[PDB]
Every structure is written in structure tokens, then in C-alpha cells.
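Peer 1:
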Amino acid sequence: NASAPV
Amino acid sequence: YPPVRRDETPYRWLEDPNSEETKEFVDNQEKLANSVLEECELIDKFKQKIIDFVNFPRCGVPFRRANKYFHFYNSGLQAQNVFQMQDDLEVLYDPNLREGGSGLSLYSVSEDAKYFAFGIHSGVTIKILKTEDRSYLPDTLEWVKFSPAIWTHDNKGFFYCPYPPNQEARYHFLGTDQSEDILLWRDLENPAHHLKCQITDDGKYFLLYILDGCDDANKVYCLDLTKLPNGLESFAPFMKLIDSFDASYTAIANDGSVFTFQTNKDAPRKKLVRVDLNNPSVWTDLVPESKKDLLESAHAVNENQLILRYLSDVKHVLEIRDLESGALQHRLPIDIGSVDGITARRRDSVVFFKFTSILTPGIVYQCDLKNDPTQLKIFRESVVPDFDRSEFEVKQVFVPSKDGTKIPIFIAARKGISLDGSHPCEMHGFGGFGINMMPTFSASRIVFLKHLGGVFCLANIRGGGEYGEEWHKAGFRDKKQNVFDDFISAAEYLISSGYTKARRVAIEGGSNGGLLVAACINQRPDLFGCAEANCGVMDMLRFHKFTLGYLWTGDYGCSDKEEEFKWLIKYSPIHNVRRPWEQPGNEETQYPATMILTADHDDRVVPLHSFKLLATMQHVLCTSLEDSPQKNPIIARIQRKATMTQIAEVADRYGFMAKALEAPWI
Ligand SMILES: [Mg+2]
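Chains as they are written, first to last, in the deposited numbering: chain C, 27 to 32; chain A, 12 to 20, 33 to 112, 117 to 128, 130 to 151, 156 to 197, 211 to 280, 287 to 692, 699 to 723.
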């Protein structure tokens, strides 16, 4: 559940 | 460079985080870092481009409970994904309101859709709310780490696997304190055995898997919940189907006592087998091992079918099959990228999954198996603002390692570039624990590609699980060195082929991937212009002692034993720092500009690894001389204690990289 694919 | 004390009786003291000398050692390296990063004038420009390319809406893969569907959503730059629900295909919990975002790590909805159990980092603690009005239940459960919450089909509570305030398997009833939770299993004899668990889709059986180390092998205990005299209130009478660590086993489905299992038993690329609990010694192939492709996962869907996700030369292939016979019904290849997140269950008729790739930010596909089983229809599509993907392309090539073995690597680059050596290059890798490295989407990678003219390479080295258990075993324990060889051979191919040139190549990885990067710079520093190792394992003689690095002896070995110690000493990064100028026919070579990244609160890979390696490198290379040839800086970026946090780190690393490789902005 990563907030953003940085 | 600051002063670091070498205890001759050298840096054992850094293993204590809280002493002054360590905490001042931090501040000095923090102080040194910022001085260095201040010179990287492209940090700000990257940072803003990352933010602009990450700013797009993202939907998670939806899942069904009863009459409701659930998914994560992010409008683009929210600190943490928000959890939502709907009546067909509403905010339910928003973590951006707590500490302005930690995210949800656990999330689990009851079978009737009334309750949402979830977990937060209180500094993992599980809470439960009612979905109707979003009001909290009082129930608070502590001491959870990575265990999910597995709801019984009576909706009266759930299984989870906490540690003590020696992992345990517990059941929590709704509307009780955690101290009343039934103990179902623990083993004081084998404190290191850890647990995973699951309930069958029909609700009859609770499945408990026991594991030793990070190795892909497990036991299988089965508790029939329908034969308990007075349910789980008794205390347990597990049927020990598999009671050893010889193969991996994961249950995909069952019809009464007849179970379908995924296993690697006599099958390094995996397969589906069938066994009757009532006759446990008779196992029968249902979908045999492919001699070509890894069966990565399997999922029963639409009452009588199966979806198999195969990995075939590091691309996914999805197969639809009959559950009873095992017969192939359809096959859908997938473009370079990754599909995953398949959470549909046996009584679901619509299947969703997520596709991402280096040039594709995120598509949620939907395959309605009742109506149109043939075609994937798009449910959600994310779009990177201001980015035209048809100016770029990704391709795969296979490159020989030292020992001859093929190593598949992906290469992302601008279309029609001349292979003239003049392009900056970033190589990522991991190589360990049977982990498959898929070419997924990264916004910062796009900035690198567009605004640095970069070329990116993802190397599927040994240690990973890409060609099955043999691929894994060929890069662990005594064979770990191959992993480093694969990676080095990968750079060599990028050089020889003419994408980039020695010292115009950066390498980056995390955890084991950090080891990877540390090992390779020692052995072949002439190759790299920049190295970035995110909380790696750098002390291979001592790693096992701390927190939970003991469950990696499976893959690394251990200094305790002598045969193993001798594999380890050879590549352990801190014990292999050497002056490459002090070697014949190798004198204009120095170490690449290096950035060791690590938190203060990473109680997975404890930061002493990173610190001790820094200490050593600055010493041997820079301060141990009067006029060291090592001009390239050797610093750490330490994260004091979330999207914007994660962007800052990457912006730094990329700014540093651009300076290190003399890569100009475009
Ligand atoms: Mg398996």
C-alpha cells in the first residue's frame, strides 16, 4: 500500500 | 570529513545507537552530507519534476465483500492512500488526518462488510470500525507486525499472529480485550519459527503455515472449524498435513477435504497439486510443472476456474483454467511490466488486477469471467501529466555472466538514441530471497529519463526467483558471489554495447540490494560513477545478531559455522574496502561517489550496517592518507524518523547522481 510510486 | 574514532582493541562502538559518540557521529555525517548535497544544484529541479510527475490520481485494485467493493485511492500527492467503499462498481478511513500521515498496513474487511479492521503504526496496532457509520469499536490489539487479520465467516472475530509484549497464532473475538484472545499455537522449542495463516474460501478450515528463515518452504497445519466441540472457545487439534521444511505449500482451493495446493515439491518452477486430507499420502499433479515458466501465483475464481500468473522470461502471462480438470481455457500474455494485486476469491465472478510498467503508471484491468472471459477491460487508468510515452521504449536482452549463465536485463531509454557511450545510466538490482524484480513504474525514473537523458536498466540477477528455485539457490549461501558477478556483467554489457561508459554508470539498491551495491563497488570500482545503497546489509559476519537478521541465515549462511564464514569474509563489504589505485594496472581508478542511505528507526536492517561501512570507507580511502586520491565524496543520507518524505530522499539521491556523473539537465 505505498502512498506514491516515487 | 569529520573525525571517527577507531577502537584498536575498529568501529564496534557504532553498534550502540544511543551513545553520544554515535549520535554525534551521525550529526557530523548529516552535517557533511548537507554540505555535499548543497553542491548538487539539480536537487531542487528534480524534486519539483518528481512532484509534477507523481501528481496523478491512483486507484487500488477493488475487492468485494458481500454487497460492497473496497479500494485505496490517492488524489496524487496525499501523504497516504485513503480507503474507500461503494455499493456497486465514500471515504471509510483517511490516514492523512492522523499525524498528517504512517499509512494503513493492515486492512481487512469482514465477510458481511460491517467491520473494517486495520492497523497503524502507533509510533502496528489494530483497530476496528463499523462500516455503516465509521464509528470505532473499543477493541485494541497490539504487538502485530506483518500478520493480517483473517475473519471467520461467522463475523464474530478473526485470526492474527502477534508477537509477545516467539510468534503466536491467536484468535480475537469482537468485543473483548486482547488478553482474552485464544492462543492457538506457539513453539517455545523453536523460537525462530515464524507464521503465516489463512482461512479457506468456504470458511471451514483455518490454515497455519510455519516457516524457518526467509526460505521458501513451509509446514501446513489444518484446523477444521466445523468439528470444534464449542467453537474456538475450547482452549489445538491441528491436522499436521506437512510437518517439515522440505517444500513450499500454499492452499489455493478446497472441496470439502479435497485441497488444491501450489508447491515447489520436486518442482523448482512450481505447480498445482491435489491431496485429500482424509487420505494424506496421495498427492496428484493437477497442473504440472512447466519446464520453462515459473508458476508465481494462483487464485480460484468464479466458482470453478483458476487464474495462474506465470512469469515467463520475466514477463507475466495469465492463464485461465478449469479448477477440477486443470485444463487450459485461455492464455493472455502481458506486455513488459507487472500484473499483481489479484485479490478476487472463489465466489467472485469479476477479476481485477493491476498492471504497471516503466512507462505505464497504473492500469486496473477487469476480467468479467461470467460475461466476457476473453477480453481485459480497463476499469481505471492513471496518466502521467505532461509525459508522452511514445518517445521512449523498453527492451529486454540477455547477457552472459562470468560463469556463462544468461542474465536477463531490461533497458529503458529514449527512442533512436545513438549507442555512442555518452548517456548517463542507472542500474537497479536485488538478487536474493527468491524475490522477483519486475519493471514497475517510478516517477523519478521518468525524470531521469526525460530531464537527464538517462538510460535505465533493471537486472534480473541470480538470488531472485525469476527462473524458480534453481535461480534462487544458484545465488545464495556459497553461491552469493554469482549475484555480484551477474550485476557486474550487466554493467559490462551496457558499456560494451555503447549505452554508457565506465564512470557514467550509477547503481542503486535496498536491503539485500544494498549489500549488492556495496559488494560490487569493492570488487569493481573502476566500473561505476556513482553508488547508492539504501539500508543495506554491510556486516556479513555479524548481521545475524540484531533484531531479526537471524532469519536471513537461510540465504546468507552464518559466521558461526566455518565453511560459511569463508564464503562471507570474501564479500562482506566492510571487510573488503581497498585502495584500487594500490593495485597494478589500475591506478587512475578510484571509488565512485557514494551515498549510503538509512533511517534512524529501521528496526529491520539496523543502521549500524550503514554506519560501520561509512566509517570504514572514509577511513581507508580518504582520511587514512594525507592527500588521498579519493576525490569522490562518501557520505550518508540519514532519515530522521509518506509521499513527500519519500520524494525528498529520491530527489537527493538523483541530484547527487547527476553531480557524480556530470549529467546535465535538459
Ligand atoms: Mg508454493
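No residue lacks a Cβ here, since even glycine has one placed at the ideal position from N, Cα and C.
Report the rounded CA-to-CA distance for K291 of chain A versus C267 of chain A, giving the unit in angstroms.
Peer 2: 6 Å
Peer 1: Rounded to the nearest angstrom, how far is the Cβ of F579 of chain A from that of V556 of chain A, given a contact under 8 Å?
Peer 2: Going by Cβ atoms, the distance from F579 of chain A to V556 of chain A rounds to 5 Å, so yes, they are a contact pair.
Peer 1: For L65 of chain A versus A650 of chain A, is the C-beta distance shorter than 7 Å?
Peer 2: no
Peer 1: According to a CB-to-CB cut-off of less than 9 Å, which residues of the segment 411-422 of chain A neighbour chain C?
Peer 2: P412, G413
Peer 1: I'd like to confirm something about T301 of chain A: is its beta-carbon nearer than 6 Å to some heavy atom of ligand 1, or not?
Peer 2: yes
Peer 1: Do you know whose CA, among A:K70, A:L345, A:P180, lies nearest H523 of chain A's CA?
Peer 2: A:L345
Peer 1: Report the neighbours of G519 of chain A on chain C: residues whose CB is nearer than 8 Å to its CB, in chain order.
Peer 2: Near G519 of chain A there are no residues of chain C at all, since even the closest Cβ is about 27 Å away, more than 8 Å.
Peer 1: Does any heavy atom of ligand 1 sit closer than 6 Å to the C-beta of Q243 of chain A?
Peer 2: no
Peer 1: Measuring alpha carbon to alpha carbon, tell me which residue in A:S675, A:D121, A:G307 is nearest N330 of chain A.
Peer 2: A:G307
Peer 1: With a floor of 3 residues, list each beta strand (DSSP E) that falls wholly inside the segment 222-265 of chain A, ordered by position along the chain.
Peer 2: 227-230, 239-244, 250-256
Peer 1: Please report the residue range of the alpha helix (DSSP H) in which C63 of chain A lies.
Peer 2: From DSSP, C63 of chain A is part of no alpha helix (DSSP H); its letter is neither H nor E.
Peer 1: Would the C-beta of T314 of chain A count as close to ligand 1, meaning under 6 Å from any of its heavy atoms?
Peer 2: The answer is yes for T314 of chain A.
Peer 1: Measure the CB-CB distance between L659 of chain A and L37 of chain A and report whether it falls below 7 Å.
Peer 2: Yes. Within cutoff.
Peer 1: Given 8 Å as the limit, is there contact between the segment 666-677 of chain A and the segment 626-639 of chain A, that is, 3 or more CB pairs closer than that?
Peer 2: yes
Peer 1: Mapping the DSSP letters down to three states, classify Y96 of chain A as helix, strand or coil.
Peer 2: strand
Peer 1: So, helix, strand or coil for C586 of chain A, using DSSP?
Peer 2: coil
Peer 1: Does the structure place the segment 421-435 of chain A close enough to the segment 75-83 of chain A that three or more beta carbon pairs sit under 8 Å?
Peer 2: A contact exists between the segment 75-83 of chain A and the segment 421-435 of chain A.
Peer 1: Ligand 2 heavy atoms versus the CB of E234 of chain A: any closer than 6 Å?
Peer 2: This structure simply doesn't include ligand 2; it includes ligand 1 instead.
Peer 1: Whose C-beta lies closer than 7 Å to the C-beta of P459 of chain A among residues of the same chain, with five residues either side of it excluded?
Peer 2: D364, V365, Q447, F449, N511
Peer 1: Any chance the segment 463-481 of chain A sits against the segment 561-574 of chain A, with 3 or more Cβ pairs inside 8 Å?
Peer 2: yes
Peer 1: Do we get a CB-CB distance below 7 Å when we pair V156 of chain A with the residues of chain C?
Peer 2: no
Peer 1: What's the gap between the Cα of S130 of chain A and the Cα of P13 of chain A?
Peer 2: 34 Å
Peer 1: How would you call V390 of chain A, buried or exposed, if buried means at least 16 neighbouring beta carbons within 10 angstroms?
Peer 2: buried
Peer 1: Taking contact to mean at least 3 C-beta pairs separated by less than 8 Å, is the segment 387-407 of chain A in contact with the segment 346-364 of chain A?
Peer 2: Short answer: they touch.
Peer 1: Do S623 of chain A and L592 of chain A count as a contact pair if the criterion is CB distance below 7 Å?
Peer 2: yes
Peer 1: Closer than 9 Å between beta carbons: that is the criterion. Which residues of the segment 364-381 of chain A meet it against chain C?
Peer 2: Taken residue by residue, none of the segment 364-381 of chain A has a beta-carbon sitting less than 9 Å from a beta-carbon on chain C.
Peer 1: Rounded C-beta distance between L383 of chain A and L369 of chain A? I'm assuming under 8 Å.
Peer 2: Contact flag correct, Cβ pair sits at about 5 Å.
Peer 1: Whole angstroms are fine: how far does the CA of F296 of chain A sit from the CA of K405 of chain A?
Peer 2: Taking the straight line joining both Cα atoms gives about 32 Å.
Peer 1: Would you give the residue range spanned by the beta strand (DSSP E) that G276 of chain A belongs to?
Peer 2: 274-277
Peer 1: Quick check: what's the CA-CA separation for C193 of chain A versus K264 of chain A?
Peer 2: 16 Å
Peer 1: Could you check the C-alpha separation between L169 of chain A and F191 of chain A for me, to the nearest Å?
Peer 2: So the alpha carbons of these two residues sit roughly 17 Å apart.
Peer 1: Given this structure, state the Cα-to-Cα distance separating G504 of chain A from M489 of chain A, to the nearest angstrom.
Peer 2: When rounded, the distance between both Cα atoms is 22 Å.
Peer 1: Quick check on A302 of chain A: buried or exposed, where buried means 16 or more other Cβ atoms within 10 Å of its Cβ?
Peer 2: buried
Peer 1: Counting pairs of beta carbons, one from the segment 244-251 of chain A and one from the segment 586-602 of chain A, are three or more of them closer than 8 Å?
Peer 2: Verdict: no, contact absent.
Peer 1: Spatial neighbours of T645 of chain A within its chain, please: C-beta separation below 8 Å, excluding the five flanking residues on both sides.
Peer 2: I572, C581, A582, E583, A584, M668, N683, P684, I685, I686
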